[PDB]
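A.B. asks:
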Amino acid sequence: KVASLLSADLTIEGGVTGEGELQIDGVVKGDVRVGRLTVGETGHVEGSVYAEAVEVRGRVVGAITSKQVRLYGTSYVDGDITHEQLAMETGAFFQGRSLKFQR
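Numbering-wise (PDB author numbering), the sequence shown opens with residue 37 and increments by one.
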């Protein structure tokens, strides 16, 4: 109960909550609340996601809010980013308005 798996034939609506690691290889339309978030291979995420840590392995365009973020895989990010700690790994391609935490 700490590694859920949402197929691709699944789509999020409005907003959903959860706990632990969330493996999703589908499309997200709305809000998302969870501890860890792994973006499957479908790489489809459109909305506002709020979490503590996330590992991208696909594409997520919209808005992200998390103190920890790591762009893994040929992932992509387009939108407003807000993170205190960030790490770029080979395959990270994001053109959006990024906001770095100064002080």
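Yeah, the Cβ is synthetic: ideal placement off N, Cα and C, and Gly gets one too.
Whole-angstrom Cβ separation of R69 and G56, contact assumed at under 8 angstroms?
C.D. replies: Locating residue 69 in the sequence shown gives position 33, where the first residue counts as 1. Locating residue 56 in the sequence shown gives position 20, where the first residue counts as 1. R69 to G56, Cβ: 12 angstroms. No contact.
A.B. asks: For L122, which three-state DSSP category applies?
C.D. replies: As a working mapping, residue 122 is identified with position 86 in the sequence shown. Note: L122 maps to strand in three-state DSSP.
A.B. asks: Which two residues bound the contiguous beta strand (DSSP E) that contains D45?
C.D. replies: Start at 1 with the first residue of the sequence shown, and residue 45 comes out as number 9. Neither: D45 is in no beta strand (DSSP E) and is coded neither H nor E.
A.B. asks: Compute the Euclidean distance between the alpha carbons of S43 and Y112, then round it to the nearest angstrom.
C.D. replies: Taking the first residue of the sequence shown as position 1, residue 43 is located at position 7. Taking the first residue of the sequence shown as position 1, residue 112 is located at position 76. Those two C-alpha atoms are separated by around 20 angstroms.
A.B. asks: Does the Cβ-Cβ distance between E82 and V92 come in under 8 angstroms?
C.D. replies: Taking the sequence shown and counting its residues from 1, one reaches residue 82 at position 46. Taking the sequence shown and counting its residues from 1, one reaches residue 92 at position 56. No.
A.B. asks: Have a look at the DSSP bridge pairing and note the partners of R72.
C.D. replies: As a first step, residue 72 must be located in the sequence shown, where it is residue number 36. Its beta-bridge partners are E57, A89.
A.B. asks: Tell me which residues share the same chain as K65 and place their Cβ nearer than 8 angstroms to its Cβ, disregarding the 5 neighbours each side in the sequence.
C.D. replies: If you number the sequence shown from 1, residue 65 lands on position 29. For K65, where only same-chain residues beyond five positions count, the Cβ hits under 8 angstroms are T47, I48, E49, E82, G83.
A.B. asks: Can you name, in chain order, every residue of its own chain whose Cβ lies under 6 angstroms from the Cβ of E120, other than the five neighbours on each side?
C.D. replies: In the sequence shown, counting from the first residue as 1, residue 120 sits at position 84. The answer, listed in chain order, is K103, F137.
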